[PDB]
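To keep things clear, I will list the structure first and then write my remarks on it.
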Amino acid sequence: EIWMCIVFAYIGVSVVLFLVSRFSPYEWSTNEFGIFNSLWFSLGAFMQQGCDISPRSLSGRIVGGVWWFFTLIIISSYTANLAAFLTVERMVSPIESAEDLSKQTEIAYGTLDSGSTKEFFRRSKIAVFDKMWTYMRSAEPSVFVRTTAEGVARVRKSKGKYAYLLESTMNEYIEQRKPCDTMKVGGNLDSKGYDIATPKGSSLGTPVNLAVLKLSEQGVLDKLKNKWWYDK
Amino acid sequence: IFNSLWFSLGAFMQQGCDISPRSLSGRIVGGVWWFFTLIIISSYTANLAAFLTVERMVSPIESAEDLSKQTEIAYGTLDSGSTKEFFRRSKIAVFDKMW
Amino acid sequence: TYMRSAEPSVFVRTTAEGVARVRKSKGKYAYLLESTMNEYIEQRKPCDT
Amino acid sequence: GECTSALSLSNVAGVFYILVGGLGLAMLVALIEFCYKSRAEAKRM
Amino acid sequence: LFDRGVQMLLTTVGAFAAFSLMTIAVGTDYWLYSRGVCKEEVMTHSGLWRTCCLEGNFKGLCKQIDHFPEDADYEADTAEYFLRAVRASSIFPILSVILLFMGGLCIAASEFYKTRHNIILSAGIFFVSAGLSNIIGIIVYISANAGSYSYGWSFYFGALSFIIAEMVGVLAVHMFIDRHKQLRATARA
């Protein structure tokens with residue numbers, strides 16, 4: 001609307017300037033301000049560029065002065081608003097740590113409908129994670145998601161307005177899969193692990209434990225991780 | 001051609017000009033050039049204000065492979081310990097390069 | 001003295017309608033109430049008080 | 001507890017009003033000057 | 001820009017077209033497409049006097065603008081009061097319509113008693129003043145409205161009427177200038 005009214009004001013100012021400059025037969029001219037020349041002078045004045053001619057009559061100079069003031073205000077407003085836009089975009093910082101996510105509230109975030117994540121959130125004593133669990137508990141609409149597939153689909157559709165919380169392994173797997181739209185960001189909130197499980201009181205426990213430790217020290221475990229998380 | 005170059009240079013720096021176009025095509029060229037100059041100068045001033053208002057410190061290294069590729073920044077581990085042993089019996093390309 | 005000589009009547013029957021009128025008046029009404037209830041209502045949706 | 005935009009015409013409406021007022025004032029001045037000069041010419045002839 | 005009779009006809013049709021466009025725009029309630037109530041929120045098309053439902057449960061069952069709403073209007077400053085009063089009265093669009101009609105009457109009467117050249121000058125002044133008052137009316141309307149939406153065809157009809165009025169005023173002033181040049185040429189000889 002501002003641009004529309006600027007064009008209308010330009011047309012009106014040019015027409016009025018031409019009229020007040022050439023309508024009087026007693027000034028017949030002493031001024032080279034035709035309709036085309038009036039339009040040219042107005043266009044030059046708006047762009048704050050040097051004009052070849054300037055009005056000499058009282059009405060012409062009044063029109064020129066008010067057009068100059070309008071042009072100054074509009075150009076300064078445009079520069080100031082563009083500076084504000086650029087500064088606001090520059091100040092925008094994504095979220096890395098979970099604390100930054102906790103302080104912020106623009107982007108929604110929630111965990112699965114069930115699982116050990118819920119128990120970790122509830123039983124935690126960290127102030128950040130406590131307020132996190134309160135925020136999920138009291139939130140509308142339900143950030144809670146039935147399954148992991150629905151969670152990743154929702155995160156993909158929400159175009160950054162949603163965040164998901166899940167195992168780092170599955171998160172890395174989803175990151176390394178097409179179409180490469182999601183990223184794991186930050187550090188692991190807690191510590192867990194996957195271990196080989198054997199029946200109580202079995203002869204297979206001690207040497208499987210020795211085997212997995214030897215495998216980790218030999219580094220082949222990291223090779224398997226890289227091989228199917230990044231290589232494939 | 002020299003005067004046209006001078007006029008365009010004066011218009012771009014918003015320093016006026018002793019002479020101005022009079023034809024329709026010349027004035028169309030002048031108008032579009034003036035609009036371009038206005039937009040570009042305003043954009044430059046706004047972006048410089050944004051740069052001077054917000055300070056964005058950026059670390060050069062964000063991952064170990066960046067250290068592997070670069071050479072200006074040195075890095076090392078303990079002369080004898082778990083880290084040096086780990087970099088010792090590692091067959092990964094990146095860790096081998098760091099060795 | 002202003003309260004007893006204010007029209008329309010500014011007194012409210014119960015805190016619920018007082019908060020409702022505060023939210024509806026769009027900055028044209030203030031409610032004098034206990035600070036605990038004030039803090040509780042402030043921390044309630046949709047943060048219009 | 002559970003609890004920049006583009007410049008609009010209203011932001012610069014005043015400068016538009018001032019511009020139109022200046023245009024009208026200049027027009028009235030020009031019309032008065034024309035009428036006065038026509039009256040002077042009629043008195044002369 | 002050539003001859004006089006063709007210019008006369010062009011100016012007459014331009015003035016009539018501008019006046020017709022504005023008389024349509026003032027009397028047409030299609031100025032803004034926006035969400036609102038015309039009696040839940042639904043998309044409706046509003047004008048200067050009545051806002052009217054679109055794809056609603058009751059299409060065409062539609063109502064005047066709430067220019068001075070009750071139920072805690074919250075009041076405002078004197079400048080805002082004059083703003084809302086001018087918007088509600090819509091004094092400037094009607095003033096531009098009146099000025100356009102006066103200019104049309106002036107150009108029509110210029111044919112009779114062709115020796116009074118000031119009539120066409122008055123017509124040009126009236127047309128350009130109508131254009132300026134149209135600028136004021138458009139500005140005040142947009143300012144009052146913004147106190148997702150689109151502008152209907154009547155708003156652009158008014159804008160085109162302003163443009164045509166300014167063009168007709170320029171042509172009339174050129175006509176006056178040509179007539180006085182002809183008088184000077186015939187007096188010199």
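So basically every Cβ, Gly included, is an ideal-geometry build from the backbone, and we count neighbours across all protein chains shown. Please treat every number below as a calculation from the coordinates, not as lab data.
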Share of Cα-Cα pairs in the protein assembly as shown beyond 46 Å, in percent?
47
For the pair B:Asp96 and B:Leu52, how long in nm is the line joining their label points, each one 7 Å along Cα→Cβ?
5.3
Angle in degrees between helix B:24-53 and the longest Cα principal axis of chain B, rounded to the nearest 10:
30
Only helical DSSP H runs with n ≥ 4 go in: add -39500 (n - 2.57) per run for the protein assembly as shown, normalise by residue count and round the 222 nm mean residue ellipticity to 500 deg cm²/dmol.
-19500 deg cm²/dmol
Tell me, what is the percent relative contact order of segment A:53-168, built from C-alpha pairs under 8 Å that lie six or more residues apart?
26
What do the square roots of 5 times the Cα gyration tensor eigenvalues come to for chain D, in whole Å, largest first, as semi-axes of the equivalent ellipsoid?
51, 7, 4
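Please state, rounded to one decimal and in Å, the Kirkwood hydrodynamic radius that chain E gives when every pair of distinct Cα atoms enters the mean of 1/r.
So the Kirkwood estimate lands at 18.6 Å.
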Measuring from centroid to centroid over Cα atoms, what is the spacing of chain D and segment E:1-64 in Å?
27
Residues E:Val173, A:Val15, D:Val15, A:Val7 arranged by fewest to most Cβ contacts within 10 Å
A:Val7, D:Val15, E:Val173, A:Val15
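Could you grab the relative contact order for segment A:80-232? Cα pairs under 8 Å, six or more apart, rounded to a whole percent. Walk me through the intermediate numbers first.
Working: 97 pairs, mean separation 33.6, N = 153.
After rounding, I find 22 percent.
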Using Cα atoms only, what is the angle between the long axis of helix B:2-12 and the major principal axis of chain B, expressed in degrees (0 to 90) to the nearest 10?
60
Take the alpha carbon atoms of segment A:116-158, find their center, do the same for chain C, and report the distance between the two centers in whole angstrom.
35
Taking the Cα atoms of segment E:91-189 alone, what are Rg (to one decimal) and Dmax (as a whole number) in Å?
17.1, 66
Residue exposure sequence - C:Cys47, E:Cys52 - by fewest surrounding Cβ within 10 Å
C:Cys47, E:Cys52
Here segment A:87-225 gives, from Cα atoms, an Rg and Dmax in Å of 18.7, 66
Over all distinct alpha-carbon pairs, what is the Kirkwood Rh of segment A:39-162 in angstrom?
19.8
Take the alpha carbon gyration tensor of segment A:172-232, find the square roots of its eigenvalues, order them as a ≥ b ≥ c, and report rounded if a/c is under 1.5; if not, report prolate when a/b exceeds b/c, else oblate.
prolate
Those GluC sites (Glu not before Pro) in segment E:51-88 that DSSP places in a loop and that have at most 14 other beta carbons within 10 Å:
E:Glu55, E:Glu70, E:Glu75
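Test of understanding: ordering A:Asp113, B:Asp18, E:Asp29 by Cβ neighbours within 10 Å, fewest first, what list do you get? Walk me through the numbers on the way to the answer.
Working: A:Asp113 14, B:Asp18 10, E:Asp29 18.
Ranked by crowding around the Cβ, least crowded first: B:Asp18, A:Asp113, E:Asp29.
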Cα-based Rg and Dmax for segment B:10-99, where Dmax is the largest Cα-Cα distance (Å)
28.3, 83
